[PDB]
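To keep things clear, I will list the structure first and then write my remarks on it.
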Ligand SMILES: C=CC1=C(C)[C@@H](Cc2[nH]c(/C=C3N=C(/C=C4\NC(=O)[C@H](C)[C@H]4CC)C(C)=C\3CCC(=O)O)c(CCC(=O)O)c2C)NC1=O
Ligand SMILES: C=CC1=C(C)[C@@H](Cc2[nH]c(/C=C3N=C(/C=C4\NC(=O)[C@H](C)[C@H]4CC)C(C)=C\3CCC(=O)O)c(CCC(=O)O)c2C)NC1=O
Ligand SMILES: C=CC1=C(C)[C@@H](Cc2[nH]c(/C=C3N=C(/C=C4\NC(=O)[C@H](C)[C@H]4CC)C(C)=C\3CCC(=O)O)c(CCC(=O)O)c2C)NC1=O
Ligand SMILES: C=CC1=C(C)[C@@H](Cc2[nH]c(/C=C3N=C(/C=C4\NC(=O)[C@H](C)[C@H]4CC)C(C)=C\3CCC(=O)O)c(CCC(=O)O)c2C)NC1=O
Ligand SMILES: C=CC1=C(C)[C@@H](Cc2[nH]c(/C=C3N=C(/C=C4\NC(=O)[C@H](C)[C@H]4CC)C(C)=C\3CCC(=O)O)c(CCC(=O)O)c2C)NC1=O
Ligand SMILES: C=CC1=C(C)[C@@H](Cc2[nH]c(/C=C3N=C(/C=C4\NC(=O)[C@H](C)[C@H]4CC)C(C)=C\3CCC(=O)O)c(CCC(=O)O)c2C)NC1=O
Ligand SMILES: C=CC1=C(C)[C@@H](Cc2[nH]c(/C=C3N=C(/C=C4\NC(=O)[C@H](C)[C@H]4CC)C(C)=C\3CCC(=O)O)c(CCC(=O)O)c2C)NC1=O
Ligand SMILES: C=CC1=C(C)[C@@H](Cc2[nH]c(/C=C3N=C(/C=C4\NC(=O)[C@H](C)[C@H]4CC)C(C)=C\3CCC(=O)O)c(CCC(=O)O)c2C)NC1=O
Ligand SMILES: C=CC1=C(C)[C@@H](Cc2[nH]c(/C=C3N=C(/C=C4\NC(=O)[C@H](C)[C@H]4CC)C(C)=C\3CCC(=O)O)c(CCC(=O)O)c2C)NC1=O
Ligand SMILES: C=CC1=C(C)[C@@H](Cc2[nH]c(/C=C3N=C(/C=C4\NC(=O)[C@H](C)[C@H]4CC)C(C)=C\3CCC(=O)O)c(CCC(=O)O)c2C)NC1=O
Ligand SMILES: C=CC1=C(C)[C@@H](Cc2[nH]c(/C=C3N=C(/C=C4\NC(=O)[C@H](C)[C@H]4CC)C(C)=C\3CCC(=O)O)c(CCC(=O)O)c2C)NC1=O
Ligand SMILES: C=CC1=C(C)[C@@H](Cc2[nH]c(/C=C3N=C(/C=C4\NC(=O)[C@H](C)[C@H]4CC)C(C)=C\3CCC(=O)O)c(CCC(=O)O)c2C)NC1=O
Ligand SMILES: C=CC1=C(C)[C@@H](Cc2[nH]c(/C=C3N=C(/C=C4\NC(=O)[C@H](C)[C@H]4CC)C(C)=C\3CCC(=O)O)c(CCC(=O)O)c2C)NC1=O
Ligand SMILES: C=CC1=C(C)[C@@H](Cc2[nH]c(/C=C3N=C(/C=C4\NC(=O)[C@H](C)[C@H]4CC)C(C)=C\3CCC(=O)O)c(CCC(=O)O)c2C)NC1=O
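Chains as they are written, first to last, in the deposited numbering: chain UA, 36 to 148; chain OA, 1 to 177; chain QA, 4 to 177; chain Xi, 1 to 177; chain Ti, 1 to 177; chain Yn, 1 to 177; chain ei, 43 to 290; chain Wn, 1 to 164.
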C-alpha cells in the first residue's frame, strides 16, 4: 500500500542538504591600495575544481619522502600489490625486462636542499 | 549589505557582490575592531594556496599509509580530490572569520559531512589531522609568528581573532569526528 | 615486495624540497653522512663505469676478440649502459637504506637473461667488484687521483653498507 | 612465557632433535648484539611517562570527539584509565623487546584485549592511533632521531631492533582492530 | 544506583547543561508531594508479610499442579524458597518507590534473573502471577481501598503513586518473560 | 544440479567430514576468480545468435548431403529444428560454466541424448561436428582472439576458463559418440 | 537467607574443630593428628588450585607452608601462603589475561563471582600499588572473608539464597564447574569478561552443569531466546470490573 | 540444493533462456558475502567436537527424564546416538555456510524428519533444545566476526522453525 522508493526519496531530500556535492565555496578577494576608497571585499561564489596536475607535485614528492624514510618504511608497511595482467611469452628478455621498463634507471641529482 | 552576501551563497549560482568605500567605513565602525578582522581575513586568503598545499602534504608527512596500495590518496585523483576539500574548508572558515558567525559554516559545509566521508570510506581520523595543521597555520599567520613569511601589519594585538579562528576550526573537527 | 616508488607512468620526477628535507634530516640518523655518501658516487658516475668496464677488459682481453662479447660497438655500448644502471640502482639503495627496490626492479630475472643473451656472467662479477672497491675508496676519501672536501669524521658503516649492496649484485648474477 | 633462546628449544623439542650448530648461529649472533639490545631498552623505559602523555593527548588532537560529553575520554575517571592503558601496552612491549620474543606480550596483554574494548565501548580507530603514535616514538630513540632528548649511545646500526619494535607495536594493532 | 534527582543530572550531563529552572519544576514537585511518597511506603512495609503469603498461596490456588509431585513449589524445601523470592521482589520495589526511579530494581534484582530461572527450572508464567497479585495488593493499600485494614491517612489523591508502583511491578514481568 | 560449492560438500559428505582447512582453499580461489567467470559467461551469451548460425552452416558446407532431398536438414521444418537442437545445447553449457560444474549439463541434457537421436534417426557424426565448431567458437570469445568481434576487458590470463568450457563441450560430444 | 540447596543437596563445609582453641592457654587448637590433618590439607589443595593435579615434585616446594600449618592451625594463613607461591602464579598469573587472574581469585578465595565492573576495576587499582600480593592480601583481610570463613573453615562455594545481586549467583555458577573440571581449559581468556564490562548475563547451560544433583538442571528453557530485550516495552494490563487498565 | 546459483539457473531453465544481466548480478552477491560465511564455517569446522558436546548436554539438562527406563535415552547405545544425530545437524550447518543457501539442511536434515521422529517416538523438542542453546551461546566479536554470526545464527534459526 506504500511506495518504498517515493517516500524514502522524499525523506532523504529534506534531511540531506542540497549543497554538499556541488563543490561550491565562497571565494573572498581583498583589494587594498592603501587609500580609503580602494578597500572592497568580494565574497563571490565559485565551484572549485579538482586540480589534476598539481597533485603530482604532492603525490610523487611524498612517495619519495616515504621512500627515503628508514623508520616510516617500518611501522607503516604497505600492502602486497599484485602486478598487472601481462602474459609470459617464454623468452626472458621480454618477460623479466619488458619494453615499458627497458633501460630505465634512477638518476639522483643532489644540490643545495 | 552584509545580509545580501548570504543571498549569493543560498542561491547555488555564481552571483557577485561587494562593498563600497563608505559602506565599509560604516561597517568598520558598526562592528568594533573591523580593520583588525579584515587583516585577519587577508592574512589567510593571501596564503590560502600554500596552507592547503602544506597541510595535505603534512598529513602524508606523518601518515604515509594514505599513499599506500589500498590507501585513500592514490590513483592520481583522490589526491586531487583531497586538495579540493581542504580548499573548501579554508574558504568556509575564512568566510566565517569574515562574517564573525559560524552559522554559515554549519549548514553550508558541515551539515552531513560525517555521513559523506563514511559513505566513501574517507578516513576521518586523518582529516582531523589535516585540519589541525591548518589550524596551526591560521594562528601563526594572524599573530604574525610565521617563520618563513612575515607580512607587515599595523601594530597591536590580535589574540581574540586567532582564538576565534581556532574555534571555527574545531567545528570542522567536531562535525566529522 | 618493493618500495614506495611504485609510481609508474605519472610524471616520474619526485624531488624533495627544502623544509621537507628538515623533516627528513631530523628523521635519518647520520643523514648528513648519507647525503655525502651518495654525492661521492653520482658526481663521479661517469668515471667509475668507464673504469669498471675497462678494468674487466684489462684482465680479460678476449672480450674485444671476434666471438667475444664486447666487439661490435653497440655491444660495447650496452655494457657501459649496464655498468651504469647497476651503479644507478645502488646509489638509490644507499640513499634509501634498503635494497628492495634494487632487488625487484634491477636484479630480478638477471641470471636468466644473461645466460640467454650470451653474457659472460663471471666477467661481470669482476666489473662490479671494481665498482665495489671504487666506491669504498670514494666514501672514505682514499681515492688517490681526486679527493673531495668533507667535514671531519668517519663513514665506516656506510662503507660497510655499500659492500653488501654490490655483493647482492654478485649474488644475483651468480 | 618464552624468550628468544627458549623458542629455539621448543621448536626443536617438537622434532625430537638436539639443537645443532646450524641453529646456533641465530643465537650466537643474538648474544653478540645483546649489549646493544639492552642499550636500547632503557631508552624506552626512561622516556616512558612522557611517551604515554604525548600519545594520549595527540589522540585527543586528531579525534576531538573523545572529550565531548558522551565521549570515551570525557570525564576525569575515563581520562586516567586511558593514560593507564597506554602505559600497560608500553610495559608489555618493553618486556618483549627485552626477551626478543613476542610470547609474553601476546598472552597477558593481548589475550582477549579486543573483546574487552568492545564491551567497554572503547573506540578501536582511536586506540590504534595511540599505539601508533608511540610506535613512531619508540623507533625514535633507537634510531636516535629525537627532536628533544638526545641520548648518548654508541655508534652503529640499530635498525634491526627499530624494525623489531615496529613488528611488536603492530602486533597490538592487529589484535584490537 | 540512582534516584529521581540523580536521573535528571545524568540527562543533563549528555548535553553538558545546567539544571536550571525549566528542568527544576519536575524536581520542585517531587519534594512538594514528598510527604505522600513517604506516606505510601509505610502503607506497604506495614503489610508486607501478609502481602507475600497471600500472593504466593493465591498462585497455588489458581494452579494446583505447583504442589503435586513434579511441581516446583512441591516440598518444604521448594516452598520456602518461593516465599523468600517474593519477599525479595517486594523489597526491591519498595526501594524503587522510595527513590522514585527503577534503577536499583533493574540492576540488582532483575538483571540476570531470567537465566537463573531457566537453569533452576522455575516456572515463569506463574511467577509473573504472584507478582501481579501483589501489584493489585499494593495499589489497594496506597489508595486505601482494601477490604480489611483501613489505615489512617490524610485526604487527597495518591493516584500517581499507585500507577508509579504499578509500573515497577510491570518491569519484573518484562524481565523474566 | 550441483554448483562448484555443493560439489565439494558431497565430496566431503561421503567421508562424513567437515569443510574447512585445505578443502576451503579451492573455494576461496573460486571467489577470487569469480569476476573472470562472470566476464566469461557474458562474452558467450552476448554472441549466442551468431554462434549457432555459424556452427550449423559450418556443418552444412562441409557435409552437403544434409540439404539433399531426404536429408536430415533438408526442408525448412528440419532446418529450424536443428537450429533449436543446438541452441538448447549451448544454453545448457553456459549454465554449467556459470555454475562451475557439469551436473546441470549431464542430468538435464546429456542423460538420454544418445537414445533420443537413435529413434529420431539423426546423423551422429554431423551433430558432433556441429558442437565441435561451437566449442572452437567458445574458446575464441573467452580468450578475446576472435577474428570478427573484440570486446573490452581488463588485462589478465583466462586460459583456465577457456580450457574448462572445452571440457564441457567434449561431454556433449562423447554422450552422442 | 534460607537457601534450599546448601546443607540439603551439597555437603557440609570442611575445616578445623573450633575457634575456641586459640583462647586455650595450654594448647593452640584441638590437635587433629596426622590422619585428621592431611585430609583437611587435601581440601585446601583442591580449592585454591582448582583441580590442578599437582605432582610429587611440585608439592615439595609447598613443604614449608604445611609445616607451619600443622603448628599454627590457622586456615587463612595457609591460604595466604599458598597464593604467594610459585605454584599459584605459574597456573593463574603467568599465561592468562588480567581479568582471568582476578576472576579466579574470587573463585579460589571467596567462592563467589565479582558483582560489578566497579568492584573489578578496584582490584586493578591495587595491582598498580603493590602488584599481585596487594590483591591477594586485600581479599584475605577483607570483611567479607571474615564473616563467612574466618580462620576455621576452607573457603567453599556457598549457596546463600540472599545474594546482593542476582548476577552474582550466575557468575559463581560459571566459575565453578563440575567435579571433573579444572580451570586451565580456556587458553587464558576470562569467561566472565564480556558480561562484567557490558552488564549482560551468562548462558543457562553453562550454569546448570555446575548445579548439584537434584535441582532441575536445565529445564525451563523456552525454545526462543535466553536473555531479555532491554528496548522492549510490553503492554501488561490488569482486569478491573469495567475494562482493562494499562498502568504503564 | 537451494543456493544463489541453482536458483537463478532453474528460474532460467524453466523459462528456456540464457543467463541474463540480472542472473549475473546475483552471483556478485555470492562474492560480496562469501567472506563472512566462510570464516563462520571454518570456525565451526575446527571447533565442532567441543560445541556438539556442549549442545547435546543442553537437551539432557532440560529434558532430564529421557534417561529414565523406557524413554529414548534409556541405555548407553541410545545416548551416543543422540550425540551422533546432533553432530549430523552441526555438520549440515557447515555445509549450508559453504554452499550459500539452505540446500543441505533441506535435502538432508529436514525433509522426512518429522515422519521419522514421530515413528520412532523421538521428541522433536529435544532435537531443538540442543540447537537453541547453540544459538544464544554465541558472542558477537569473540567466537566469530559480526557478519559471520549473522549468517551462522540464521541457519540455526532456520532449523528451529523447521522442526517446530
Ligand atoms: C560542497 C560539498 C563538498 C564537500 C563538503 C567536500 C566533501 C566531499 N568530498 C568528496 C570526495 C572525496 N573527498 C576526499 C577527501 C579525503 N580523503 C582522504 O583520504 C583525506 C583524509 C580527505 C581530504 C584530504 C577524497 C579522496 C574524495 C574522492 C572519493 C573517491 O574518489 O572515491 C565528495 C564527493 C561525494 C559524492 O560526490 O558523492 C564530497 C561531497 N567536497 C565537496 O564537494
Ligand atoms: C580588505 C581590506 C582591508 C584590510 C586588510 C584592513 C587593513 C588595515 N588595518 C589597519 C589597522 C590595524 N590592523 C591591525 C591588525 C594587526 N596588527 C597586528 O599586530 C596583527 C598582526 C594584526 C591582527 C591580525 C591593528 C591592531 C590595527 C590598528 C587598530 C585599528 O585600526 O583597527 C589599517 C590602518 C593602518 C594605518 O594605521 O594607517 C589598515 C589599512 N582594512 C581593510 O579595509
Ligand atoms: C619531455 C617531456 C615530457 C612530458 C610532457 C611528459 C609526457 C608524458 N607523460 C606520460 C605519463 C603520464 N602523464 C600523466 C598525466 C597527468 N597526470 C595527472 O594527474 C594529470 C591529470 C595529468 C597531467 C596534466 C599520467 C598519470 C601518466 C602516467 C601514465 C599515464 O596515465 O599515461 C608519458 C608516458 C611515459 C611516462 O609514464 O612517463 C609521457 C611521454 N613526459 C615527458 O618525458
Ligand atoms: C617533513 C615533514 C613535513 C611536516 C611535518 C609538515 C610541516 C608542518 N608545518 C607546519 C606549520 C606551518 N606551515 C605553514 C605554512 C606555510 N609556511 C609558509 O611560509 C608558507 C607561506 C606556507 C606554505 C609552505 C605555517 C605558516 C606554519 C606555522 C609556522 C611554522 O611552523 O612554519 C605544521 C603544523 C604545526 C607544526 O607541527 O609545526 C606541520 C605539521 N609538512 C611536511 O612536509
Ligand atoms: C688496462 C688496465 C686497467 C685496470 C686493471 C684498471 C685498474 C684499476 N683501478 C682500480 C681502482 C679505482 N678506480 C677509481 C676511479 C677513479 N679514480 C678517480 O679519481 C676518478 C674519479 C675515477 C676514474 C678514473 C678509484 C677511486 C679506484 C680506487 C683507488 C685507486 O686504486 O685508484 C681498480 C679496482 C680496485 C681493484 O683492483 O679491485 C682496478 C681494477 N684500470 C685500467 O685501465
Ligand atoms: C593534537 C596535538 C598534538 C600533540 C600533543 C603532538 C603529539 C605527537 N607527537 C608526535 C611526535 C613525537 N613525540 C616524541 C616524544 C617525546 N618528545 C620528547 O622529546 C620526549 C622525550 C618525549 C615526550 C615529551 C618525539 C621525539 C616525537 C617526534 C617524532 C619522533 O621522533 O618520534 C606525533 C607523531 C608521531 C608520528 O606520527 O610520527 C604526535 C601525533 N602532536 C600533535 O598534533
Ligand atoms: C646495564 C645495562 C646496560 C646498558 C645501558 C648497556 C650500555 C652499553 N651499550 C653498549 C654498546 C652499543 N650500544 C650501541 C647502540 C647504539 N649506538 C648508536 O649510535 C645507536 C643510536 C644505538 C642503537 C640503538 C651500539 C651500536 C653499541 C656497540 C655494540 C656493542 O658493543 O655491543 C656497550 C658496549 C660498549 C660501550 O659502548 O660502552 C655498553 C656497556 N649495556 C648494558 O649492560
Ligand atoms: C486460591 C486462593 C486465593 C487467595 C489467597 C486469594 C489471593 C488474592 N488476593 C487478592 C487481593 C488482595 N490481597 C490483599 C492482602 C491483604 N488483605 C488484607 O487486608 C491483609 C492486610 C492482607 C493479607 C491477607 C489485598 C489488600 C488485596 C486487594 C484488595 C481487595 O481484595 O479488594 C487477589 C486479587 C488480585 C487480582 O485481582 O488479581 C487474589 C487472587 N484469592 C484466592 O483465590
Ligand atoms: C517520617 C515519616 C513520614 C510519614 C509516614 C509521612 C506522614 C505524612 N503524610 C502526610 C500527608 C498527606 N498524606 C496524604 C496521603 C493520603 N491521604 C489520602 O487520602 C490517601 C489515601 C493517602 C495517599 C497515599 C495526603 C493527601 C497528604 C497531604 C498532602 C501533603 O501535604 O503532602 C503528612 C503531612 C501532613 C501532616 O503533617 O499532618 C505527613 C507528616 N511523612 C513523613 O515524613
Ligand atoms: C562452409 C562454410 C563455413 C562457415 C560458415 C564458417 C564456419 C566457421 N567459423 C569458424 C570460426 C569462428 N566462428 C566464430 C564466430 C563469430 N565470429 C565473428 O566474428 C562473429 C562475432 C561470430 C559469429 C558470426 C569465431 C569467433 C571463430 C573463431 C575465430 C574468429 O573468427 O575470430 C570455424 C572454425 C571452427 C573450428 O575450428 O572447427 C568454422 C568452420 N567456416 C566455413 O568454412
Ligand atoms: C554483473 C555482471 C558482472 C560482469 C560482466 C563482470 C565484470 C567484471 N570483470 C572484471 C575483471 C576481469 N575479467 C577478466 C576476464 C577476462 N579478461 C581478459 O583479458 C579475458 C579476455 C577475459 C577472460 C579470461 C580478468 C582477467 C579480470 C581482472 C581481475 C581478475 O582477474 O579477477 C571485474 C573486476 C574488475 C573491476 O571491478 O573493474 C568485473 C566487475 N563482473 C560482474 O559482476
Ligand atoms: C619456614 C620456616 C620453617 C622452619 C625452620 C621449619 C621448622 C619447623 N619444624 C616443624 C616440625 C618438626 N620438625 C621436626 C624435626 C626434628 N625433630 C627431631 O626430633 C629432629 C632432631 C629434627 C629433624 C632434624 C619434626 C619431627 C617435626 C614434627 C613434630 C610433630 O610431629 O608434631 C615445624 C612445625 C610445623 C609442623 O607441625 O610440622 C616448624 C615450623 N619448618 C618451617 O616451615
Ligand atoms: C544426515 C542427516 C541425519 C540426521 C539429522 C540424523 C537423523 C536421525 N536421528 C536418528 C536417531 C536418534 N536421534 C536420537 C536422539 C534423541 N533421543 C533422545 O533421547 C533425545 C530426544 C535426542 C538426543 C539428542 C536417538 C536416541 C536416536 C536413535 C533412535 C533409535 O535408535 O531408536 C535416526 C534414526 C536412525 C538412527 O538410529 O540413526 C535418524 C535418521 N541421521 C541422519 O542421517
Ligand atoms: C562455529 C561455531 C561456534 C559457536 C556457535 C559459538 C559457540 C560457543 N561459545 C563458546 C563460549 C563463550 N561464549 C561466550 C559469550 C560471549 N562472550 C562475550 O564476550 C560476549 C559478552 C558474549 C557474546 C555476546 C562466553 C563468555 C564464552 C565462554 C564461556 C562458555 O560459554 O563456556 C564456546 C566454547 C568454546 C570456548 O571456550 O570459547 C562455543 C562452542 N562459538 C563458535 O565457535
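Every residue gets a Cβ at the ideal spot worked out from N, C-alpha and C, and that includes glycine.
Looking at the DSSP output, residue 280 of chain ei bridges to ei:287. Chain-ordered, the chain UA residues with CB closer than 8 Å to the CB of residue 115 of chain QA read 127 and 131.
For residue 77 of chain UA, the uninterrupted beta strand (DSSP E) run begins and ends at 76-82, by DSSP. Contact annotation: residue 63 of chain Xi and residue 128 of chain OA have beta-carbon atoms nearer than 8 Å. Here residue 153 of chain Ti is actually not in contact with residue 13 of chain Ti; their C-beta atoms are around 38 Å apart, not less than 8 Å. A Cβ closer than 5 Å to some heavy atom of ligand 10 marks a residue here, and those residues are Yn:50, Yn:54, Yn:57, Yn:58, Yn:61, Yn:133, Yn:136, Yn:137, Yn:140, Yn:146, Yn:147, Yn:148 and Yn:149. Within the chosen limit of 7 Å, ligand 12 does not reach the beta carbon of residue 160 of chain Xi with any heavy atom.
Burial of residue 87 of chain OA is indicated by the presence of at least 16 other C-beta atoms within 10 angstroms of its C-beta. Beta-bridge analysis with DSSP links residue 118 of chain Xi to no other residue.
Bridge partners of residue 63 of chain UA according to DSSP: UA:78.
Shown here, residue 195 of chain ei sits in a strand according to DSSP, grouped into three states.
Exposed is the label assigned to residue 61 of chain Ti, since fewer than 16 other Cβ atoms lie within 10 Å of its Cβ. Residue 69 of chain QA is bridged by DSSP to QA:71. Judged by their CB atoms, residue 131 of chain Xi and residue 165 of chain Xi are not nearer to each other than the 8 Å cut-off.
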